[PDB]
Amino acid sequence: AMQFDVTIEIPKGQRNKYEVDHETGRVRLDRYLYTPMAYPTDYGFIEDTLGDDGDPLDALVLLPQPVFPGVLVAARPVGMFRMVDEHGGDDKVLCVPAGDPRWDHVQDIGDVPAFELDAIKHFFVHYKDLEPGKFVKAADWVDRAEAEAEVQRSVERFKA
């Protein structure tokens, strides 16, 4: 079963948008969001990836309790939120903690309630509403198969 390490940048509940300077590994404040929204899940990026936009591949991790920024979490993917913004493709792999039997009932995109999925989508559809020149479109939930393929691809680009 595929699994990888996600470095969580942003705990669920946060309106501060944290980033990593990937050359140093330092945590940075990108910005305080302009909309009254909060990250709907712990959010970060998969280590050792280069995604379809030449940046590390982003990840959403479902957790019973948020972690802190900078924290590593072994995760396995269950689907992906495909999406395009002002800078191109900017997909978000949906994950759950790997090796944790409490999440064994969550295997594919159909195992996550439509309420959570809609909430996550709503966040990404709207979080940049009040930033001029930023938008998101082509918002679309896809399944684990497509998540794994995109992870695989992005692991190769990182090595190549």
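Here the rigid core means the biggest group of C-alpha atoms that line up within 1.5 Å when the two forms are laid on top of each other. Residue numbers here begin at 1 and follow the sequence given.
The higher RMS C-alpha distance to the shown form in 7 other deposited structures of this protein, out of 131 to 139 and 37 to 45, belongs to 131 to 139, with every structure fitted on the core. Between stretches 47 to 55 and 118 to 126, greater average Cα displacement in 7 other deposited structures of this protein relative to the shown form, fitted by the core, falls on 47 to 55. For the pair 67 to 75 and 84 to 92, the mean B factor over Cα atoms is greater in 84 to 92. If you average the C-alpha B-factors over 25 to 33 and over 50 to 58, the higher value belongs to 50 to 58.
Comparing the listed residues 43, 103, 135, 123, the entry records the largest Cα B-factor for 135. Residue-level temperature factors show residue 10 in the lowest third of its chain, judged at the C-alpha atom.
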